[PDB]
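Structure first, then comments.
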Amino acid sequence: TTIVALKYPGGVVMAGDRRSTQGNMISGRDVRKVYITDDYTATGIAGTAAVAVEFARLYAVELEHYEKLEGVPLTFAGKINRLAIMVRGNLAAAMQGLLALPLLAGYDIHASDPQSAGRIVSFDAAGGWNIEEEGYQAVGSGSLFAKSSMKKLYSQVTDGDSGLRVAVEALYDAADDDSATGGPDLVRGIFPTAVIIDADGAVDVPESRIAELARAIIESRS
Amino acid sequence: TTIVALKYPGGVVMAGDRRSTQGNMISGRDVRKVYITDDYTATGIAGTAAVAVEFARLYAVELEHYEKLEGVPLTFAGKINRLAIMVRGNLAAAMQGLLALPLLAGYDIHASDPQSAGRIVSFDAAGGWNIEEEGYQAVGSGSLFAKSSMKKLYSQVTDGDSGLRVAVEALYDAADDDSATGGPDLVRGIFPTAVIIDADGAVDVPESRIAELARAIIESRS
Amino acid sequence: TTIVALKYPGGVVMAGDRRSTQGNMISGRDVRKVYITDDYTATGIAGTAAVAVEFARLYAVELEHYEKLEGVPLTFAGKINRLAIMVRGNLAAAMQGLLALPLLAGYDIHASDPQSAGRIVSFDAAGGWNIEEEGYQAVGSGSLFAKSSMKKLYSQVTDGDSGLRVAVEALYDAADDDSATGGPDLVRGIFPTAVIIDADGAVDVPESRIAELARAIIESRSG
Amino acid sequence: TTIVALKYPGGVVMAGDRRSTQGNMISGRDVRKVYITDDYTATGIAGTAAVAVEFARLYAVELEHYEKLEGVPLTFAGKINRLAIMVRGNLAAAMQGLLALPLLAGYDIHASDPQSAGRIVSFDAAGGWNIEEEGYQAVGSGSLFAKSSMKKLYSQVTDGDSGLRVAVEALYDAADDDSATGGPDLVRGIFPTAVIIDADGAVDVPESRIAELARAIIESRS
Amino acid sequence: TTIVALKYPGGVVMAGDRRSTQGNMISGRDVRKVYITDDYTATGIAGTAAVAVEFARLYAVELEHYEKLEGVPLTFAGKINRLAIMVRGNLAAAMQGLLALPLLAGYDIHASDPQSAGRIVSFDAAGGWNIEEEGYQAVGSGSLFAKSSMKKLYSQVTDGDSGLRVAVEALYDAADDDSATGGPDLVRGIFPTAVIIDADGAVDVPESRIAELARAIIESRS
Amino acid sequence: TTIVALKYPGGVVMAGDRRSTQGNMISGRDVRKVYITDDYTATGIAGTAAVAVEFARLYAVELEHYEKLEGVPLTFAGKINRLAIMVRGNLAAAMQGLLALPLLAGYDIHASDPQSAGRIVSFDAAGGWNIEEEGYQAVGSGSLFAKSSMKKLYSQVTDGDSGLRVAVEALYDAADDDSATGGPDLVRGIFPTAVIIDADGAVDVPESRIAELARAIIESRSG
Amino acid sequence: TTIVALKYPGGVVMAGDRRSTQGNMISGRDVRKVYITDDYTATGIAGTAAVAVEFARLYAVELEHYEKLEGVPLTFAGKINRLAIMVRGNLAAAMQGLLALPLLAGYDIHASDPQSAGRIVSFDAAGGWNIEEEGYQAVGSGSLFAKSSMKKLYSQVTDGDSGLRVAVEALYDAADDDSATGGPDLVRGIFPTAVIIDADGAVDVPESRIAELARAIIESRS
Ligand SMILES: O=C1CCc2cccc(c2)Oc2ccc(cc2)C[C@@H](C(=O)NCc2ccccc2F)NC(=O)[C@H](CC(=O)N2CCC[C@@H]2c2ccccc2)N1
Ligand SMILES: O=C1CCc2cccc(c2)Oc2ccc(cc2)C[C@@H](C(=O)NCc2ccccc2F)NC(=O)[C@H](CC(=O)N2CCC[C@@H]2c2ccccc2)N1
Ligand SMILES: O=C1CCc2cccc(c2)Oc2ccc(cc2)C[C@@H](C(=O)NCc2ccccc2F)NC(=O)[C@H](CC(=O)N2CCC[C@@H]2c2ccccc2)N1
Ligand SMILES: O=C1CCc2cccc(c2)Oc2ccc(cc2)C[C@@H](C(=O)NCc2ccccc2F)NC(=O)[C@H](CC(=O)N2CCC[C@@H]2c2ccccc2)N1
Ligand SMILES: O=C1CCc2cccc(c2)Oc2ccc(cc2)C[C@@H](C(=O)NCc2ccccc2F)NC(=O)[C@H](CC(=O)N2CCC[C@@H]2c2ccccc2)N1
Ligand SMILES: O=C1CCc2cccc(c2)Oc2ccc(cc2)C[C@@H](C(=O)NCc2ccccc2F)NC(=O)[C@H](CC(=O)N2CCC[C@@H]2c2ccccc2)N1
Ligand SMILES: O=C1CCc2cccc(c2)Oc2ccc(cc2)C[C@@H](C(=O)NCc2ccccc2F)NC(=O)[C@H](CC(=O)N2CCC[C@@H]2c2ccccc2)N1
């Protein structure tokens, strides 16, 4: 798995690959790993498939549960805490091979400067949380390759479209070097998924746009 | 790794993928795993890269060593025996993770019928050897996928070119399901290697021919 | 990690580096490890990031929880004991890799001599606590380099600013010899954090003054 | 440790950091990890300090030993095989923590094409060797950051000085992310060492040139 | 650590060193290990610092707790039994390295013979207790050197002042042979602590007097 | 144990403490850990006493063995190599507990510049060797405290006598913070040993000069 | 077992107890543990009885073997090194429970003056040796008690007879606190053995002199 997230002026982008494996064997080509957790938050999870899916589903329910009980959504810091507490509670199972490693992207509607109101929070298996301040992060077996790609590419990010293009290229570099991260599949027409969040909320990125960017990267490197 | 070998009227073809890995990480993209070991014999090896390469080199040296000492090449059965003895001697190292599993193809010039002089021989880690009688064989982590692919496609093998096509398609199917087997890289222009052996001896298959077959396979799958 | 704390005439200083790691890999560059836990108390924690941040947040809540319930803050000795009990309760998880080692600096509003009212308390993984009397202390993987540096630098501590300078130079020496402690990052503009506590309370040190002192130390050592 | 090596038109460059550690503690700041092993060959080694230094000295003695005994230097392939056998012979000690992981850069005087006579060979702990054909390679705990950096910078390599600049920037990126790899120390004036090899042989790069490149990189990032 | 206790005509003295260690490293120089537990009782503890501190604190509150509840202090035997029960309750944790070993000195106001009301009680990690009748006892990593020193010097104990000097000299001998016991620090001006207990109760011994005895012992040794 | 080594203009000084231990128990007060191994070389060894002594005796015999067989002494590099090989050959026993870590000080008669012809070489348990280019080094349980001390004191080193004083003060700091390193014993008159090496060869430093420097240090720190 | 040894002006004394045990059970009451191994050297050995006895006999044979071969006895330093090598060679068996710890008391005929010719050498299980300079030493399970007793009594040592009295009293204190060290047996008439060594050589101390000193100590403490 590789899931990336990056800030751009006035929003945040999260993108993730589509592969699941069982050892060396490919067991999935269509996996959706990036979830719109609520109107202003997206979560992407690496690790054991059963746990990652359960984490995303339970987390979204917990956030909406608070909003309906209290009439107001949690602050973004509260959302961070609840995800950290979920991961911390899984630590024993994670030591037994039931690992979930999330990455959190959001847009804080209560931040002062909306141009920088995008948020990226990385986590570890002990429930540690760190709000990223350098503009991008990645999680999963390909995250090193994606972070090093984004390091060289982040200067190109000026808006949502270029942020999306950089995100897709980082996922391409991750799959280029990590066999557990799936590249774009032109035969089957399967591409990474992506969510973009700004002051108007989170939206799934249409597959056609990601297909366009993926084909452009492939064309460029040939 | 996946190495395939199959018989066609009047010879054999062996083809192998180009990938090396370290865990999840891709560490090689142009590995050549199919060696012409003498004028009528090719060997393909899966397993630990260091041991596999050393096996191929030492095996070819051993065969040519005997030929120069005695003025005639070993019989095909003799070549089998020497390869098996080599694998058997590595069993302890193989149990420590230094494994080499070879696959042997050849044209036996001392056979009865020239059209049935093709030979395919598989091996196991204990030095066992089995002369394949059912037309094809494969070795490596994607070998089961490649053999089940060849089971359905072998009926269309009627000559050297269709033999080659089926071998390349089998490797394509292995890469489709085994992340440790490399698919055709149309971006970098890297394709499986192949050797064809008939009464005129063993020759490397030009990459342009394999590239054309791989693109036709990819187009048919889309 | 290296957290340092030292007494100066009238108060106390605590400073800490900004690095987190996973094995050899650098995983954070702007980590804030020195917390204002109440108006006269600062806590700096080393060890497992998740546990360290949870300790600081829970400890600050615990002290304020008592203050609001009882109408008065805890005595400084009460604050020591609650922090020690928190560490002791974590001993089992700490043996399994979830370690948190705090360092405590404070200003005792109920002390006898206001110019010796500074306090520094070090802890161990079993919940042990020891009030330091020799003027400085450190915790973390670079703490021995820092303490041995402060041993030679402590004499120049006459007020709050010179105390801050010594704390920053100790952290510089710690990062000089310990790869798990971060030194000043002049390219990114990232520097250690610091808190000063005196009779008027605990305040964060502005990044600018720490940056000036770090550059002074740097070019003093480069020639 | 990070050792990088890359090809440029007419030669190769190899560069390595200066740090030695004992766990978290820095125990060395001026270590030289890149050795001129003969007039057309440089070796950079990562791993246990004692073993790395021994490997370099013995390997250089072995090559000159053969040259004086036989009157001609070994072919580049023979040089590869000798280093590979040395690594393979150390496998048991490396499993006990006495690991040496070399990277080999050379200029093949016997190549028919002097523009592409540069050679880069990587190795693994079992003595496996692979001639790199993508133009760059790295070894050590920061090699993945360095390789992902050179992936984005390699298109700027047009001569020896651009190649040297990319090699220094790759080492900068590795130290940026790997605490066991040393960045440029402006306070002490200690910079990565480098060797450049062309048809005229292998020569140490003067520290002044590497310092100027490091200052340019540092000011660019600021 | 070394804690000594010895009986003199009409009373008892207890003295302890000032050192704490973390393995080989010295981690404390002014630890106070001798506690006035109530008006007629002192306890010195060796072992894991956290457990020793906690033991002295909780034992003192337990004795005063009983006094305030029932209007009368515990009999000396009751004080012994409660301290033994506390050690016995710590046994499992003590076997994991959370060991506290106390030594109890006191003056029994309800003693049968008012001239021989001095009391010394030693304990073991299992909670065993033994009322010492040979006039002195010690605990800690230097207790054997201190007890053998006192075996020779105890004949000199004729009043409270000579008993104090012997206790301090026994601590000096323990520090002489045991690096985990701290000796007098003439540079910093730090000396063992002592408590003296007679019919008028237990009082802290002024540091000036201990320093005087320590300097005299140092001069008699040199 | 703590052994310190220190370059000064025109030579080197090496100094070592006198303590040996068995667990917490002190087993020796006058151990000599710094050996003149030939006319221009000294070695101090930390670790298992039996192994350290064996190492120093055998190494000295080896260097002189070559000199008598070949009519010239080994180059300094050759001397480094032989010590490294001796340590590497002991690695198996060292993993079993028979550990010896040497520190090599010497004056290279063949060096280009005689003023900086002093040489300090550190070693690890795997036979690794590194020629120290920063001027000082230390080995043993207290070596980190000693190196941090010398880091602050090294600018005072202008000749052999100031270098000897810094070395003695480093050993004093190491003993101050490491119970396995013995401090100056004024009651018994026992002080660290030291060897000074310059162009005229290696020579033991008399106990009286070291006692003088130790007393001056103790007095300065006592106020 | 306790073996003590002491320097006195112009000579040296060594004494040892007579007990052997198998666990708690006493197995011997008249064991002689101090051997005249040379005209000017004695050796006393603690540990496994079989190994201690064998060590004594072999060491004595070895020294006399060299003397008859070369015509001159070994220097005292050579006698030290030979006993050290013998202990080191037993180290593997010592770890399996075949332990011998010797203590060496000699008179060095080649020393400067007869007043400083006495020699005490202590050894450890690794073959370490140390020439003792504080005037006395002990070995065995009661050596700590004996050394502390001798620390208080050594000022009284002015000649061989006061040295012998201090030696017997140290052994008395060891047996007083160590059940593995035998005390004077008045019922059976068994007492510590002792060897005195001066310029006239090594002499077995008469039992009657030891019995006098034992009864004087026993009466002095009654
Ligand atoms: O390998 C397994 C077996 C279960 C297991 C138990 C204990 C330890 C363990 C693995 O050890 C492990 C083995 C393998 C992994 C982790 C741990 C990698 C991980 C992965 O690919 N994860 C990518 C991924 C990320 C987020 C969401 C979904 C998702 F597939 N793969 C896995 O867990 C695979 C997943 C798999 O094959 N299937 C087939 C049908 C259902 C399940 C699937 C669910 C949802 C989507 C896609 C597939 N399970
Ligand atoms: O992983 C390693 C390190 C050795 C090792 C350590 C621990 C366990 C282990 C293997 O256990 C293993 C780990 C991994 C494997 C086996 C065993 C898979 C195997 C493979 O891909 N094998 C495919 C292959 C087949 C035939 C010929 C060449 C060839 F690469 N990979 C490997 O051995 C990899 C190979 C590798 O990265 N390199 C980089 C530089 C040199 C070497 C290479 C040589 C030649 C060609 C291509 C690459 N070595
Ligand atoms: O290594 C990990 C994973 C958990 C783990 C697994 C196995 C062993 C282990 C710890 O065992 C350990 C592995 C590593 C350490 C301890 C234990 C060192 C310690 C550290 O740097 N600590 C410095 C520090 C001190 C105070 C507050 C924050 C802070 F980072 N690092 C850690 O725990 C690292 C921290 C880390 O990478 N991340 C990434 C995103 C979130 C988390 C972070 C939180 C908050 C601030 C900065 C970073 N987690
Ligand atoms: O850690 C050690 C001790 C040996 C050891 C014990 C246990 C595990 C282990 C290694 O396992 C290990 C622990 C640590 C490592 C490897 C293995 C990392 C490795 C390194 O930094 N290596 C970088 C490097 C690469 C090439 C050439 C030289 C060079 F230092 N560090 C090391 O081996 C360190 C090195 C070290 O401190 N010293 C001090 C003086 C001599 C030696 C040095 C020699 C030469 C140059 C610079 C320093 N030795
Ligand atoms: O070693 C540690 C860490 C806990 C630990 C981990 C692993 C094994 C272990 C103990 O196992 C042990 C390791 C070491 C020991 C015991 C067990 C010896 C013991 C000691 O010196 N004890 C002397 C002493 C006796 C009575 C009262 C106080 C006192 F310090 N030392 C200790 O526990 C040391 C103490 C220490 O460094 N600190 C620093 C700040 C707080 C604590 C302190 C409290 C109070 C007073 C003085 C110091 N802790
Ligand atoms: O503890 C022992 C026994 C061997 C042993 C057993 C189990 C574990 C172990 C070592 O593991 C160890 C236990 C203890 C240590 C290391 C390893 C520390 C080391 C030390 O002080 N080393 C300082 C030192 C350095 C150089 C030269 C001499 C010298 F003492 N101490 C030691 O080896 C001690 C030394 C000791 O008591 N004796 C008494 C009789 C002669 C011998 C001595 C020789 C020379 C000088 C001074 C003393 N041996
Ligand atoms: O216990 C045993 C059996 C050997 C053994 C097995 C397993 C573990 C072990 C020792 O481990 C041990 C168990 C017990 C000890 C050491 C190791 C103590 C040691 C001792 O007393 N030693 C005092 C002593 C010192 C020097 C010379 C002689 C001498 F007896 N006791 C011993 O070895 C005892 C000795 C013993 O009972 N006998 C009875 C008949 C002959 C033999 C004897 C020989 C020579 C002189 C006096 C007695 N052997």
Side-chain angles (χ1 to χ4, degrees), chain A residues 1 3 16-23 25-28 30-33 44-53 55-56 96-101 140-141 180-181, chain D residues 1 3 16-23 25-35 44-53 55-56 96-101 140-141 180, chain F residues 84 91 95 101 121-132 137 139, chain G residues 1 3 16-23 25-28 30-35 44-53 55-56 96-100 140-141 180:
Chain A
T1 294
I3 300 164
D17 80 298
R18 313 292 303 275
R19 171 164 297 183
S20 73
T21 57
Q22 197 167 313
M25 294 181 48
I26 294 159
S27 68
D30 296 289
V31 183
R32 293 168 169 83
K33 309 183 191 180
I45 318 186
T48 311
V51 190
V53 172
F55 264 42
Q96 306 298 330
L98 302 179
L99 178 65
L101 278 187
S141 52
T181 301
Chain D
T1 290
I3 313 299
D17 78 308
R18 315 293 301 274
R19 169 163 294 182
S20 82
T21 57
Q22 286 202 9
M25 296 183 36
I26 302 160
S27 57
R29 311 180 198 270
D30 60 339
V31 184
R32 293 173 180 277
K33 303 178 183 181
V34 175
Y35 298 78
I45 314 185
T48 311
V51 188
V53 174
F55 262 58
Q96 296 305 282
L98 303 169
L99 172 65
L101 255 188
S141 58
Chain F
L91 171 56
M95 291 186 295
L101 283 182
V121 197
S122 33
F123 295 79
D124 63 41
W129 57 270
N130 186 242
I131 297 162
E132 199 43 63
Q137 189 53 263
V139 68
Chain G
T1 289
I3 318 296
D17 73 295
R18 314 288 299 275
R19 171 162 296 173
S20 74
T21 56
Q22 283 191 14
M25 289 166 288
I26 302 163
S27 64
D30 50 62
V31 182
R32 300 170 191 80
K33 306 178 179 173
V34 176
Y35 303 82
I45 315 183
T48 315
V51 182
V53 174
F55 263 58
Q96 297 301 132
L98 298 199
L99 179 61
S141 51

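Order of appearance sets the numbers: ligands from 1, and atoms from 1 within every ligand. FYI, side chains are in, hydrogens and waters are out, and symmetry mates aren't considered; it's all heavy atoms of this structure. Order of the sequence lines fixes the chain letters, A, B, ..., with proteins taken first and strands second; residue numbering starts at 1 for each chain.
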Among all the protein's non-hydrogen atoms, which is closest to [atom], and how far away is it?
atom	result
atom 39 (C) of ligand 7	G/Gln22 NE2, 4.1 Å
atom 46 (C) of ligand 4	F/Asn130 ND2, 3.4 Å
atom 45 (C) of ligand 4	F/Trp129 O, 3.4 Å
atom 38 (N) of ligand 4	F/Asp124 OD2, 3.6 Å
atom 11 (O) of ligand 7	G/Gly97 O, 4.0 Å

Distance in Å, [X] [atom1] paired with [Y] [atom2], rounded so as to fall on 0.5 Å steps:
X	Y	atom1	atom2	answer
D/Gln22	D/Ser27	CD	OG	5.0 Å
A/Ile45	A/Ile3	CD1	CD1	7.5 Å
A/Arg18	A/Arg32	CZ	CZ	4.5 Å
D/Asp30	F/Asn130	CG	CG	6.0 Å

Does [atom] have any protein heavy atom closer than 4.0 Å?
atom	result
atom 48 (C) of ligand 1	yes
atom 34 (C) of ligand 7	yes
atom 6 (C) of ligand 4	no
atom 26 (C) of ligand 4	yes
atom 2 (C) of ligand 7	yes
atom 13 (C) of ligand 4	no
atom 23 (C) of ligand 4	yes
atom 19 (C) of ligand 1	yes
atom 16 (C) of ligand 7	yes
atom 42 (C) of ligand 7	no

Checklist outcome for this item: Quick look: D/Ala52 vs ligand 4, heavy-atom contacts under 4.0 Å, and the answer is side chain
Enumerate the atoms of ligand 4 whose separation from the nearest heavy atom of [X] is less than 4.0 angstrom.
X	value
F/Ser122	40 (C), 41 (C)
D/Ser20	21 (O), 30 (F), 47 (C), 48 (C)
F/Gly128	41 (C)

Going by the order shown, which atoms of ligand 7 are within less than 4.0 Å of some heavy atom of [X]?
X	value
G/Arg19	23 (C)
G/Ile45	25 (C), 26 (C)
G/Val31	28 (C), 29 (C), 30 (F), 47 (C)
G/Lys33	23 (C), 24 (C), 25 (C), 26 (C)

Next on the checklist: Evaluate G/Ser27 for polar contact with ligand 7, using N/O atom pairs at a separation under 3.5 Å.
Outcome noted: yes
Kindly give the heavy-atom pair with the smallest separation between [X] and [Y], and that separation in Å.
X	Y	result
D/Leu98	D/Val51	CB-CG2, 3.6 Å
F/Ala84	F/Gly127	CB-O, 3.4 Å
F/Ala126	D/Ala50	O-CB, 3.4 Å

Donor-acceptor pair, [X] side chain versus [Y] backbone, under 3.5 Å?
X	Y	result
D/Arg19	D/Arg29	no
A/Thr1	A/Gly47	no
F/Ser122	F/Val139	no
D/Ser20	D/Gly28	yes

Item to check | Distance-only N or O hit between ligand 1 and A/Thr48, under 3.5 Å | outcome: no
Checklist entry - When only distance counts, is A/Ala49 in polar contact with ligand 1, meaning an N/O pair under 3.5 Å? => result yes
Checklist entry - Hey, looking at atom 31 (N) of ligand 4, which of D/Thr21, F/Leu91, D/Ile26 has the closest heavy atom? => result D/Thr21
Item to check | Residue A/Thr1 vicinity, atoms of ligand 1 by number, heavy atom under 4.0 Å | outcome: 23 (C), 24 (C), 25 (C)
Next on the checklist: Any atom of ligand 7 sitting under 4.0 Å from a heavy atom of G/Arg32?
Outcome noted: no
Checklist entry - Does some non-hydrogen atom of G/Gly47 fall short of 4.0 Å from ligand 7? => result yes
